[PDB]
Structures are given as structure tokens and as C-alpha cells.
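The structure under discussion appears below in the form of C-alpha cells.
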Amino acid sequence: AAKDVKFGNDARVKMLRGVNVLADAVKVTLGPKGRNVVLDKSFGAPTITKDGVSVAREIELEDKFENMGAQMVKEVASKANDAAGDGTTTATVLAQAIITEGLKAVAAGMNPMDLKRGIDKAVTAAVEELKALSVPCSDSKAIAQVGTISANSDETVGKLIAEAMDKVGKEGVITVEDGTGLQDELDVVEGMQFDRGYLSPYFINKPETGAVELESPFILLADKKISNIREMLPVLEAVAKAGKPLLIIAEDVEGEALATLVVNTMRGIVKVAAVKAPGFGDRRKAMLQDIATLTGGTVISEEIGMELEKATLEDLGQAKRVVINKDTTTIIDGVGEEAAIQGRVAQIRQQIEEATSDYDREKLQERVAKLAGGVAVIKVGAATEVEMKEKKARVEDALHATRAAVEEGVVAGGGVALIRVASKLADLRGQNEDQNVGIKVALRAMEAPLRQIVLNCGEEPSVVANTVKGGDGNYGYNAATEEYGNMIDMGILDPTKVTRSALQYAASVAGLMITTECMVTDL
Amino acid sequence: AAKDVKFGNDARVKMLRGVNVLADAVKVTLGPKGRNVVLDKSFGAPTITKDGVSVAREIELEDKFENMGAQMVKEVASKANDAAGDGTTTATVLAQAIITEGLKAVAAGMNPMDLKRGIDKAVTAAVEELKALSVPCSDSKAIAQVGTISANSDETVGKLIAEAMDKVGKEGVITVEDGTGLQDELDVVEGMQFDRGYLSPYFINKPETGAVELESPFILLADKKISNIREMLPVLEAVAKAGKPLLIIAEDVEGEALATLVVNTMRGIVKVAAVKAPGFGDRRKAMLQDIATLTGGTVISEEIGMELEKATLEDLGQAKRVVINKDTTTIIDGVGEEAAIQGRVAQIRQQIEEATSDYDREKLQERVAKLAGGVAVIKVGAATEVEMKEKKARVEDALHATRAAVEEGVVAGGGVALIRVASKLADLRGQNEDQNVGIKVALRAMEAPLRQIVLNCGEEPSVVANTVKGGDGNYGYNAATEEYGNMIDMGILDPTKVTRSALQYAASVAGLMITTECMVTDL
Amino acid sequence: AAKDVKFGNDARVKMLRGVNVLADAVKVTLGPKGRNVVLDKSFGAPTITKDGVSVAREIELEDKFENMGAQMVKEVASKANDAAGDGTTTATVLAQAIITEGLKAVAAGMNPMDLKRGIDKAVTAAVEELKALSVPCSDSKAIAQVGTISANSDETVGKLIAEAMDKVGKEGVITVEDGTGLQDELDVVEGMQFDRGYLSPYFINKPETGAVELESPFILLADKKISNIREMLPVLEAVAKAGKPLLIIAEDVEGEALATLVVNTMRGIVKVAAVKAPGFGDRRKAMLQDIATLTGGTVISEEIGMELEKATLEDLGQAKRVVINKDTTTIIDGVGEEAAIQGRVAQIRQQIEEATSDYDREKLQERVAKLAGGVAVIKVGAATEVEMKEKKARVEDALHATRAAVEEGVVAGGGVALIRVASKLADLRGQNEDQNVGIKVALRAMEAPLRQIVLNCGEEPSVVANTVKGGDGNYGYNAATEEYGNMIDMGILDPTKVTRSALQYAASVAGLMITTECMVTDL
Ligand SMILES: Nc1ncnc2c1ncn2[C@@H]1O[C@H](COP(=O)(O)OP(=O)(O)OP(=O)(O)O)[C@@H](O)[C@H]1O
Ligand SMILES: Nc1ncnc2c1ncn2[C@@H]1O[C@H](COP(=O)(O)OP(=O)(O)OP(=O)(O)O)[C@@H](O)[C@H]1O
Ligand SMILES: Nc1ncnc2c1ncn2[C@@H]1O[C@H](COP(=O)(O)OP(=O)(O)OP(=O)(O)O)[C@@H](O)[C@H]1O
Ligand SMILES: [K+]
Ligand SMILES: [K+]
Ligand SMILES: [K+]
Ligand SMILES: [Mg+2]
Ligand SMILES: [Mg+2]
Ligand SMILES: [Mg+2]
């Protein structure tokens, strides 16, 4: 359609206004004194959330240029959520700070591409300094504290995550789901988890989580690829009067002969899903055999000759819950048979004792780790649904932060790590003066998380930023108690991955946006 | 419908206003100090782009006559992008300059057709002078510099293109695709590339690139043309539950019995495509055999008697990525078997040693060059999707510019080549005075790229244009450093094809538009 | 009333938009290639004028903040017109340039008060350098050239002013008035001129010149101050049926018993005016006696005892034209008696021969200079009234410029003097960096007159500014012939007072306006 085309300062101030609307809505949530945001839903009751990416996602502005700025910055929170599952508000605050100071530099006549290059150089150096400053999770041993900080100082949530990682291992799979009582429960049940996703984007359920849950599902397993429709239409009908939702695990799944016909079939009462299987050839066969033994099901094959038309519903596997996500699909509780599960575990232990090839040994030890660790499940306890969603979001943040902590390490929380790396980057210089100003813009913007935290405390951000900068090491500002101390000692720990990801995604988007001279949108 | 009809100066100033809106939006992006343009998308987040043709494509105006002018000039950027893949902003700047000065001449009462003839004569002479001024890429040997200049002074991108051309040859196929890390990666993998396009315009995917990508596709090969639908409906169903997207390579593909039925089948989850095969008869058979051996597939034939109904999914070829474009379709990574690939390479080397016919020898050496060079793939590394699109556009510009440089040569960058050829054309005369004024309009307009570059530097375009004109040879103005020097020495190189194409397409459209006395549009 | 209150950038861009509207309307008139502006009048036919202050005065904008900016800049042209009578367009161009560059510096975050201080320091230094660069009019001897340049290269006007100054002296009084023929006539007639103004602001005639003209007036002279109304009401009635307009010359004139009653008397057919007399005591008596002898009138006094009630209309003085202005009031042609005038001249020559006191000698020699020089009158010849107003404005500009040239000297025209003094001020520094930037803003803005002249020539301002800067001395750019040369040799001379006044008034207003953070206006 016809386009509104804005240039220079007018376009930049409109885009910055959109950035500011999104970032203010997100930044009210930052820190232990951060507040909640109510997002209206046409689907049902409004959602009360502290999660920054949720607020960012809901933001859309009437002014098209302001909306453009808001959408580009919303990408920061989305990328931070996708990569680390936490720090989306920190990422938004950093992005807004970089954009604000970089646009001020642009208004000062400095070359915006050189400002972006300086920002990028400063952020690369700051990521290196964050890696250097990071303390490995083995050394720190504060999973409870990391989860507590990520759960908005909910010590119960952090303790639950710590117990789950003590039971299923620091690499074991933990899944958050809605409970029934008022208290958060933890249960380690036998389940499975593989790094695959759904093959159809229309499988999304009513909740907007992007991960689809099925209660008491039926499991179908196949390694050979079926061709004709009429040889599993009876099997499809059998599962279509079994009563339990169908989850198929295969090598790969198409949509033009399976997904389209079935979506033309139902209207959305009960869901049927199909996903890939990890590995290929013998590894995929072993994976499907393990899943079938876990769920009590069977795997069809060409060599066996066991056809689908002879399969019954008792032959197929049965589970209690499955959560399918693009990144990773988990089967929460497959009943099967406990004796059969133990026998398979013993058989694969004999496989440990027999195998000698390095790749075979490592994949088989991955199999035994997945079997022995099991699946930890956290039942979120809340009196109401709005409290359920808020608490589940906080527990999911805690899980993501603890995973990031065991993956990449921890740094001082409360924006202190960014302050320290900014102080360590004070001598960083670019190729010209505009690159130096971009570096300074990035360094000042890495003070923004701490300053926003202090603002959310009702305190003076410049005084606290000055006091933290004047300190050294993990000295920082407890925002829960409004006093200074060693951030590690008071347990205010951030995952290094979370801080680094927030900085990187904020920098990429914000450095791109400060380089914009014209914006084109609809009238 | 009813038509608004405008004449003479009113029509011309409206059309020029539309030209100016489009050209200003595009020209803010010109040069190393050029800035980015944010294009709003209804599909998702706005795209930040320096690419001039992207900005030009997004431009559409409310005023119908201004929109008419904008659309005709948008044709300049589109043609420059189609022909050279670079210089679209230079082409737009040249077109706007020719239009502005030619409309000034028209207002001076000079015959617009004679002005157009003078512009055309000057541009033909300037293309000849650009060919004379061009330095062959073998002599210059600055592929890294050409790619760096085209990538907006991104030395990493230019070095990556230079390494890719050092690995797969200056004629080898290089494909840009989205990476996963933050860094640009280069990998030379075994693949295929042929000069064919899709037979259906509705195969366009969600991205507006015009080239469609498929991840881990299945490969179907056929030289004989099948007739009845029921003899590959089972095979179609097999691929429709194989899980991988289908890509058919045949002699030629229709749409009234294949495309319409399948588009009535799916709603757009997984795509199935079919394309032509290069050559005919024995050459097409050799091409399909080579592709099948690369992907591990098989080729059906009448002499063999191997029917499609007996084909299995293991018999069909499997790849990792394919990119289908109207100009050229590439298979990025076909796994097949490495030993089989090497054996086929040895067999075709024996074919080199055996064949003696000149056409057969040259086509067989083309086959061995395509097999030995392989496919270079550049993984664009970016933290975010908007940065991914911007960086991928810059790398695609660099690839197009390096291809144009090895095809047609290089000239001094920064608009210097056009300045030099304009100086060499100072004595060019037409058949009358209006043709001479058209020649002068073209010659002055070829200063416009340098002048716009200087304007984007915040500097004085007339002073720098005067200084560059007063110099000789590759003397010009480094806009990155705002100082004069030998453009070849500082590595500011433009592909001669890019400069020539920009000038020619700008001239054709602009010379046509300055001849317009009436415009007819909707009310 | 309720106030719209704007802050920061919004207020500044609105004010700059108003500045730009006024300055563009004025600047189209600058230089020999400058064009005319038509100002609509509700009174009658529109006025075509090249005069910059006329255009500036007519400018008023709908947007209140833009109007505010326009009004403050209009003060520049008004002050330049009041002080020098020329250079109002140069003053406006300088003011717009200072405002534009200073607002750019303000947007760059620099302290606007320090920018204003730097501008003021640069302008003080530039005024000193203009005084140093100035060539006295005695040395240059180019009154014809100064008048020609001020009359928009009208050599006839400059020659007329040169002849008038050759006849009545370089200090003699010259008055421009409408002629009757098509040619500009010059006549030196016996008249008087004193530095006084009207005592009532409601005496303004229908033309908006601010100086009121009376044709064939009657002259009344008085040194003693009358008290009762009834003792000159008969005399007032006598002049009220004499037929000629009344002009009273007294010590001082009130309004509450003279002006209010008479303005309640007439409706505006024939005007009666009263003005002060120069000097005091004996000097005022000598002045009134000289004026009475020039006009054939008589002066009342207490010592003489000659009362007003006995005065007749033949006793009162009679003239042909008088022009009354606040700065200076002139009697153009008082008939009186030529023999009486010569006898009075001889008597005052005897007074020269008799007087010895220095103050008495100098005032008496001022008297004899005023009597001997007489009054030069330039009859503007034009076919039409619009041409009459345009030509009269140009001749008035020429008169003001020649007066300024004989007062303060001449410098190279065409903005060259400002370029030279800016070059001589390249090492000027302030107390801080913002003051240095203000100095640079002023120095760059003194290039603006030449650059605007070049723009009005259709040429490239940066190239010509560079060429003029690269020269030295009076080297500059003839804009009439579009070529370089010695500005003094080609007769392009500006009065030093005009250039200095333009710079000073532009600097004062513009430096004040760049310091503005908030604007308050009506809604
Ligand atoms: N008691 C505390 N004192 C100081 N800083 C704290 C404290 N508790 C948390 N923080 C800091 O608050 C930040 C995390 O805040 P929050 O979890 O509200 O937002 P986020 O992680 O940026 O984003 P989101 O959770 O929405 O993805 C971290 O920098 C953390 O160190
Ligand atoms: N450092 C530099 N100094 C001078 N000129 C430069 C420099 N870097 C690039 N240029 C010039 O800028 C022009 C290319 O600019 P840019 O890539 O932004 O636009 P384009 O090639 O016209 O169009 P597009 O890339 O949008 O298709 C060329 O003329 C090139 O020589
Ligand atoms: N032939 C010429 N070549 C170069 N400069 C010239 C020439 N004639 C006049 N100028 C310059 O033009 C300027 C005067 O222009 P103009 O009289 O139109 O405007 P102004 O004096 O600024 O204002 P205004 O007359 O409206 O009060 C001076 O700087 C003068 O030197
Ligand atoms: K939060
Ligand atoms: K560009
Ligand atoms: K003027
Ligand atoms: Mg958090
Ligand atoms: Mg380019
Ligand atoms: Mg003048």
C-alpha cells in the first residue's frame, strides 16, 4: 500500500518513542523490587507477569513508526528468551540504553555505522571479559541461589531446582508443569527426552507457550517409513477410538498427506502429533526401542515384518504426559513396566560392558545417562490460574537460569558484572572517534541494568552506580535490602550466559537501529 | 475506472516528486557513510537494510502520479539488482540525476526525445569508456577488496568471499545462507548447481527473496516423462510420509495436473517443488545420473524399465539443503556416498581421457569443473534476525559484486569511474543542440554517485567532485577516511559490470521518463 | 490566554522552521542575480521589492512557534535597516546561518550559552578585522560603484548618487522622492535639514515608510512656548483655510492638548505636524531664524513682542515639500527669497569672520555647510507605481550605502569581506570547547552571504566559497559575470558599516535564539 516515509530525526524520535514505550513497560519488571505487568488477553483472564519477554511480546503501538521501533526492540527480548530463557528485561534495558545514547551520538553528528562498529567492538570485548569474570558453576555451587534470584527471590523455587538437579543431575531433564495443590511439588519420574521438534507449525495448542502438552497420551513408534494411506487408516481409527492423544515418533514427518487431511478432519478437540527420532539407522532403532520399552510399546520394522494393520491399542505405548517443543520434546511419565525398564537398563549396562568404539561408547553412555537420570517434574502450586501462570513463569525462568549457570558459569548479579566489565573496558578504543563514542555508548549502557534496578528500588541510580563502580570484584548493591556488599556472598548471582546473551542481542539490535536514517511503513 | 489525466509541467513535477521520494529513501544508503533504512513488514519485525533495491521496492506513494514516477524509477533498482546484484542505489541516484536535469532541460523548452537520444548516446559512449577503463579481475586481483567495498567496508565478508573463490575457483558456486553462530563461517561442501528455474510462480516461500530454500530435502530424478497420475500417486504418498521435502528434477514440468492439485492439497506446511534439468537427450541423462550419484538416488528410464511404483524412499536421493531460483538452482549438500562420489569423479576423469569431440569435451570438462569445485557456502553469523538479514544482504551484495568483477573487471570506486568517463566524453556531440544538452545531462548525472557519496559524508559534493575531476586516472575520494588518493591503492573498487549496469538502466528509464508529457492514472 | 509551551528540540525545530520561512523569502532577493518578492497589500496593488527588510517585515506565520522564530529573525532585518539602510538580506542570511549551525551544535549537546559566547567573541573579532580590512571612502573613491552595487547594479542610480555627493558634498543631505517622468532626475535646491523627529507616533501617513511627506507646506516657527489655546486658535484657523499643510518647528511639542484635539478634528484629509528645533537658547533662535529666512517666514519671541494673533498667512513661511522622519526632518524646497537667502549667507559668512569661540565657530560652520550644500533631491523616474516603489527602494538603498561608505569605509563586496575576516579568525579560541564551536559556527556563517549569492547564481556555493577562500585580499567572485577577480577592480564594493552591522545584528539575535530551550505562545 501507500507508504509513510520518514527521515532523519523525525523517524529516529518516533522509533525511539516506540522503543521507550516497550522498554518502560518491560523495565518496570526488572529486579527484586520490580513490579508486575498485566497483559490483557482476548482468550481469557489477563495474565499477570514479571517476565520481560511476555510484556515485550504484547506491546504493539498505534503509531506505525513507533510500532516499528517497538518491534525491533521486541526482537531483543525474544532472542534473549530463545537463547537463555532469562535476562529478557535486562536485554531490553540494555537495548534501550544503547539506542538512547547512540541516538544522542547520532544527533551529535557522529557516523552511525562507526557508532555501531564501536558498540560491537565494546560488546565483543565485554563478552570476553564476562567469560574471564565468570565463575564456573562447579566452583560457585550456588544453583539454589541462581534459581532463587531468577525466581524473583523465591527461595522455595531455587531450593526445588537445586533438589531436582541433585536428583537427576545438573544435566538431567527437568520440566515445569501446572500442579493441583497450593505448594510446589517435585517428583522424579521415569521419562524420556530428545532434541527434536514438531514438523508442523499449526500444532500449537490454545496456550501461546509454543510448547504443546498432552495428558495421558498414546505412543506410536516407527523406524520404517510407511507409504500408502489405507494401511494405517485402520490403525489411525483405532487410536481415534482409543481415547488417548496420539504421538508418533518416526524418522521424519511430512504435512501434505498427513497434517492437512487430519486438520481437515478434526476441529480442535483432541490433538494428534508426530515428531522426528534422534539419530539415524541403528541409533534411531535403538532410540525407538528404548522409548517403546519405556512406554510398553512396540516398534515396527521391515526385517521383523510386523505390520501396522495387525497392531492393537494394547501393543502401542501409553504415557501420562508429553511436552513437545521445537527445541526439545520430552515424554514426562511413560508407565510401561518397571521390571521391563530395569531389565532394559541392565541390558544397556551390559552394552556398556561390551561396547568399545568411542562414538558407540559415548552415545550409549548418553543413553544410560538419560535412562538413569529420569525426568524431574516440578508441579507449580498456586491457588488460582493467574498465580499459576505467574509462578510457572518464575519457575521456568529459574530452570533456564540454572541451566545457563551450569552451562556457562555465574557472575555477580544486580548488573554488577556488566559494571565490572565496563570498568575493565575503559581503555578500549576504536579506529576513529565515532567508534570510540560507540564504545563509550556501550560501556555506559552496560550500567543501565544496575541503574534500572536502583530506579525500581526508588533509589538514586547514579549514586549506587558510582558506589558499585568505586568498588571492585563482586562488590555490588543488594536491591532486596538496599545495601552494598559482596554480590556472591549475598547470593545475587546471574548466569554468565544470561548476561552475555542480554548484552549481545541488545547490542546487535540497538547498534543496527541507531544506524537508521529512513523508515518506511504504511500510512 | 475514471482517470486523472495530467499534462506537461504538473504531471512532470508530480512524477519527479515521486522519483525524489523513492530516490531520497534509497540514496540515504549510498556509500560507506550511508545509513540504513527500516522497512516495515506486516509479516513480522521490520527489516533494517542498506540495500537500495529493497528500499526502492518498499516505496509506494499515496499520490497516484507521484506513485507512477516512483514505480518507473523503482524499475531502475530492480533491473540493476537483477542484472548485477549490486549498484542499485547508484542506479537510483543516477536515474534521479538524469531525470532531474532532463526535466530541467525539458522546462527549458528543449525537445525531450532529442534529450533522450543525447542521454542514450552519452551512455553508450560511457559504457564503451567504462569497458576501456576497466581493469580485468585477473590483473587487479582484489576480490577481497571488491567484496569488502560491496559489503560496506566489511573486511571479514570480503576475506570470506576471497577464500571461497580461492577454494572453489573464481567461477565456482557460492551460496549465502543463515548461520547459527555469531561469526560468518565458510564451508566447501559437495553439491550441485545448474542454470534452471522453478516452473510455477506460486512456489514462492514466506520470505520475499524470490529464491526458495528447503532443509534436508528428498531428491527425485526422471528423464522419461510420466503420463498417468495413478502410477506415481503411490510414490507421491511415499514421499508424503518420508518427512523430507520433495524436489523433482525432470525435462520439463507442467502445472495444470501437478501444481494445481497439490496446491489444492496442502495449505503451506511443507513444500514440494519440481524443476527442469540442463541439457537434452544424452546430456540430460548424464546430468541426472550425476545428480543421483551425488545424492545417492536413482534415475528412472524406459530402457532400464525400472518403474516408479517399485521405487522406495531409500532408493531416492537425500540432501541437506537446496536453494531454487529462477536464474539458477543449487543443491547445497547432497550426502550420497563419498566413496561413490570419488568413484564417479574418477569415471568422468576417464571420460576426459577418452572423449575427443570438442562439444563433448567442453561439456564434460564443465561437468568435472562443477564436481571438483563443489559448493562453497557462507553461513551468516549474527546475534539476531534483523542483523542476520542485514548481514546476509551485505554478503549477497559482496558475492554479486565479486562475480561481476571476475566477469567484467573493476574500475575505481566511489563514483570515480563515472567521473572519469564523463571527463573523457566532454567532446561528445549529438545531431542537434537538444541532443547535446541530453549528452551534458547524462555527463553531469554521472557525477551524481560521487556527489551523493560526499553528501552522505556530510561534506561538500561540488568541492570533492571538482577535486576528483581535476585529478586523473584512479584518483578519487576515500569517503571512509574523507581524503583523496588513488582509489585502486586504497582498495575502493567497483565492478565494471555494476557501474555499467547502473548507468544503463538508470539511463533507459530516466531518458524515457523525461519524454513524458501526459500521465494517466486512477482518480 | 492559555499557552502552548514547547521544549527542547520540538520548540527549536519549530522556531527554525519559522526562521527558514522568513530567511528563504528574504534570501531569494540577495545579490545581483537575486530576484524580486511580491508582497500583497490590502491597501492597494502588491509591492514588488528586492529589499530584504520589506520581505522580512511582511512575513508572519500561522504556526505560533514558527511565527515566533520568524519574528525574532525579522528583528535582524529591521535592525540592519534602521542602522545602515542596507544589508538587511545579508543580515538575514547571516542570522539564518548562525541559527542553523548553532542549533546543530545545540543538538550535538554543546552548551548553548557557551555557543552564544563563542559567536559573540568571533563576531567582535570579525568586526575588528572588518575595521582593519576597511578602505576609507576617501582612499577608494568609488561612491558611484558603491551606489551601483547597492542599487542592484544600476549604474545610473550610482552615477546619480555620485553626482549628488559631488554637488552637495559627501555629507550633504540627499532625499529620494517620486518623480514624474520616466528618467531619474537630480536637482540641488535650497532647503534645510535637522536631526529631529515627530513627537506623535500617530502622524504616520498612508504609506508605511515611517517618514511622512507634505507637498507645498506652510511653515510656522516659534521659540517661545505658548500656553493658552485661544491665542492661536485664530492662527490655527488661518492655516486651516490657507490651503497648505502646516509644519510647526518649536522647542518641544506635547500631544494631550494639541495632538488629541486636532486628531479629533480631522478624519485624515490634510495633515498638520509639529517637530522640535535643534539646539537650545541662542542656538535654537539662530536655527529658527535661518529656517524662517529660508522659507520667508517669521519667528515669534517674547522680547520682540510680536504675537501670534497678529500673524498673517503671508508672514508665515512657505515651502514646496517637507519629509519628516524620526531620525531627521528635512525641508526640501523653501522658496522664501533668493536675494534674502544670499544676504543671510553673507551675514553668516561675516559671522564666520567675527566669531572666535571654538564651539560657536564649529556650530556656525555647521550652519554655513548646511546652507551652502543645500538639499539634493533625486526624482525617481518610473513608468508605473510598482516600478516607482521598486526603483525608489533601490535608490534609497544606494543612498544609505553611500552614506555608510563615506562614514565607515568600504570592503570587498559579494560576501568576500566576511570570508576574509573569517579566514583571519581561524585561530580564534574561546574559554572552552563549546565556545570554540560557537566561534566556528560564526566563522562558517560568515561564508553564508557569498554562498547564498552563488546559489542565487545557480552555481555551486561550496566550489566558489572554496575558490574565494583560497584567494587572498579582495579576490572574489563577480556574481554578475560568474567569474573571479579583484572585487575592488570590478567595483563590487560593500560599505564596511553595512557588512559590520549585518554581522552584528545577525549575531546578537541568532546567538540569543540558539540558547532557547522553551517557547511559550498562545494556543
Ligand atoms: N536481591 C537482588 N539484589 C540485586 N540485584 C538483584 C537481586 N535480585 C535480582 N537481582 C538482579 O535482577 C536481574 C534480574 O531481574 P529480573 O529477573 O526481574 O529480569 P531479567 O532476568 O532481566 O529478565 P526476565 O526474567 O524478564 O527474563 C539480575 O541482574 C539480577 O542479578
Ligand atoms: N571507502 C569508500 N570510499 C569511497 N567510495 C566508496 C567507499 N566504499 C564504497 N564506496 C562506493 O560506494 C558505492 C557503493 O555504495 P553502496 O554499496 O552503499 O551502494 P550501491 O552499490 O550503489 O547499491 P546497493 O548496494 O544498494 O545495491 C560505490 O560507488 C563504491 O565505490
Ligand atoms: N556583481 C556582483 N558580484 C558579486 N557580489 C555582488 C555583486 N553585486 C552585488 N553583490 C553583493 O550582493 C550583496 C548585496 O545584495 P543585496 O543588495 O541584494 O542585499 P543586501 O544588501 O544584503 O540587502 P538589502 O539590499 O535587501 O538591504 C553584497 O554582499 C554585494 O557585495
Ligand atoms: K522480570
Ligand atoms: K546502498
Ligand atoms: K536583497
Ligand atoms: Mg530473570
Ligand atoms: Mg553496493
Ligand atoms: Mg543591498
Fill in the blank from the handout: Partner shielding of C:455-465, taken as the mean number of other chain Cβ atoms within 10 Å, equals 3
Problem - Contour minus Cα-Cα distance for C:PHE7 and C:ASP24 (0.36 nm per residue) - result: 3.6 nm
Problem - Angle in degrees between helix B:8-27 and the longest Cα principal axis of chain B, rounded to the nearest 10 - result: 60
Problem - Solution diffusion estimate, µm²/s, Stokes-Einstein, the range B:312-375, Kirkwood Rh from C-alpha pairs, 20 °C, viscosity 1.002 mPa s - result: 158
Practice task
With a point put 7 Å past each Cα toward its Cβ, work out how far B:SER357 is from A:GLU353 in nm, to one decimal.
Solution key: 6.8
Practice task
Can you check how the C-alpha radius of gyration of chain B compares to 2.2 N^0.38 Å, as a plain ratio?
Solution key: 1.08
Problem - Options B:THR328, B:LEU221, B:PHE203, ranked by Cα towards positive dipole end of the range B:191-371, top entry (Cβ charges) - result: B:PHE203
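Give me Rg over Rh for the range A:191-371, both radii from the alpha carbons and Rh done the Kirkwood way, two decimal places.
Numbers: Rg = 16.3 Å, Rh = 16.9 Å.
Rg divided by Rh gives 0.96.
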Problem - Fewest-first sequence of B:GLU353, B:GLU129 by Cβ atoms within 10 Å of each Cβ - result: B:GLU353, B:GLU129
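About the Cα centre, and with charges only on the beta carbon of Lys, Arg (+1) and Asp, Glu (-1), how big is the dipole of the range A:191-371? Nearest 20 debye, please. Don't jump to the answer; show the numbers that get you there.
Working: 23 positive and 29 negative charges, 104 e Å.
Dipole magnitude for the range A:191-371 comes out near 500 debye.
Take every Cα-Cα pair in the range B:240-334 and report what % of them are more than 20 Å apart. Don't jump to the answer; show the numbers that get you there.
Values: 1841 of 4465 pairs.
Tail of P(r) above 20 Å: 41 percent of Cα pairs.
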Handout entry: Tilt relative to chain C, helix C:88-107 - C-alpha long axis, 0 to 90 degrees, to 10
Key = 40
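To the nearest µm²/s, what D does Stokes-Einstein give for the protein assembly as shown at 37 °C and 0.692 mPa s, using the Kirkwood radius over alpha carbon pairs as Rh? Numbers along the way, then the final one.
On the way: Rh = 39.7 Å.
Approximately 83 µm²/s, per Stokes-Einstein.
Round to the nearest 0.05 the FRET efficiency obtained for C:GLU256 and C:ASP327 when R0 = 30 Å and r is the Cβ-Cβ distance.
Numbers: r = 25 Å, r/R0 = 0.83.
Computed FRET efficiency for C:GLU256 and C:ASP327: 0.75.
Pairs of alpha-carbon atoms within less than 8 angstrom and 6+ residues apart define the contacts here; what relative contact order does chain B have, in percent? All intermediate terms of the calculation are to be shown ahead of the outcome.
On the way: 1050 pairs, mean separation 153.1, N = 523.
Relative contact order comes out at 29 percent.
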Practice task
Residues in the range A:290-304, backbone N under 20 Å from the label point at B:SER216 (7 Å along the Cα-to-beta-carbon vector): list them, ranges by number please.
Solution key: A:290-292, A:300-302
Completion exercise
Of all DSSP beta bridges with both partners in the range B:191-371, the antiparallel percent, nearest 5, is 55
Practice task
Would you please report the Å³ per residue occupied by the convex hull of the alpha carbon atoms in the range A:473-519?
Solution key: 118
Completion exercise
When the charge dipole of chain C is computed with +1 at the Cβ of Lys and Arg and -1 at the Cβ of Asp and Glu, the Cα pointing farthest to the positive end, of C:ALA404, C:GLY471, C:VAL5, is that of C:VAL5
Completion exercise
Rounded to 0.05, the calculated FRET efficiency for the beta carbons of C:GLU366 and C:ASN36 at R₀ = 56 Å is 0.90
Practice task
Starting from the Cα gyration tensor of the range A:62-213, multiply each eigenvalue by 5, take the square root, and state the resulting semi-axes largest first in whole Å.
Solution key: 37, 23, 15
Completion exercise
Pseudo-spin-label distance C:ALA340 to B:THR481, built 7 Å along Cα→Cβ, given in nm, is 8.7
Problem - Coil-residue trypsin sites (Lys or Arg not before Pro) of the range A:97-148, DSSP, other Cβ within 10 Å capped at 13 - result: A:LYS141
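Counting only other chains, and only Cβ atoms inside 10 Å, what mean value do you get across the residues of B:233-241? Could the numbers behind the result be given before it?
On the way: counts 1, 3, 1, 3, 9, 6, 5, 8, 16.
Per residue, the average neighbour count from other chains is 6.
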Problem - Folded to 0 to 90 degrees: helix C:282-295 orientation relative to chain C principal axis, Cα - result: 80
Practice task
State to the nearest 20 debye the size of the charge dipole of the range B:456-523 about its Cα centre, where the only charges are +1 on K and R beta carbons and -1 on D and E beta carbons.
Solution key: 300
Exercise for the section: Post the alpha-carbon centroid distance, the range B:502-523 to the range B:285-347, in whole angstrom. Expected result: 48
Practice task
Note the full-extension length gain between C:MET113 and C:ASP63 as 0.36 nm times their separation in residues minus their Cα-Cα distance, in nm to one decimal.
Solution key: 15.4 nm
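Treat the count of other C-beta atoms within 10 Å as a stand-in for reagent exposure and order C:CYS457, A:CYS137, B:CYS518 from fewest to most.
Values: C:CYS457 20, A:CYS137 24, B:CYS518 10.
Ordered by Cβ neighbours within 10 Å, fewest first: B:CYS518, C:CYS457, A:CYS137.
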Completion exercise
Site A:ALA132, offset 7 angstrom along Cα→Cβ, radius 15 Å on amide nitrogen, limited to the range A:418-437, gives A:418-429
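Can you give the alpha-carbon Rg of the range A:364-404 over 2.2 N^0.38 Å, where N counts its residues? It would help to have the intermediate numbers written out before the result.
Details: Rg = 14.3 Å, N = 41, 2.2 N^0.38 = 9.0 Å.
In units of the 2.2 N^0.38 Å rule of thumb, it is 1.58.
For C:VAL437, C:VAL76, A:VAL123, what's the fewest-to-most ordering of other Cβ within 10 Å of each Cβ?
Values: C:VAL437 23, C:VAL76 35, A:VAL123 31.
Ascending Cβ contact count within 10 Å gives the list C:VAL437, A:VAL123, C:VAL76.
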Completion exercise
Shape call for the range A:356-487, from the Cα gyration tensor axes a ≥ b ≥ c (a/c under 1.5 means rounded, otherwise prolate when a/b beats b/c, else oblate), comes out oblate
Handout entry: the range C:1-112 pair-distance distribution - Cα-Cα, 10 Å bins, rounded %
Key = 15, 41, 31, 12, 1
Problem - Residue-averaged [θ]222 nm for the protein assembly as shown, counting only DSSP H segments that reach four residues, each worth -39500 (n - 2.57) - result: -16000 deg cm²/dmol
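Any read-out appearing in this document is the output of simple, stated calculations on the displayed coordinates, not a laboratory observation. FYI the Cβ positions are ideal-geometry reconstructions off the backbone, even for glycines, and counts take in every protein chain you see.
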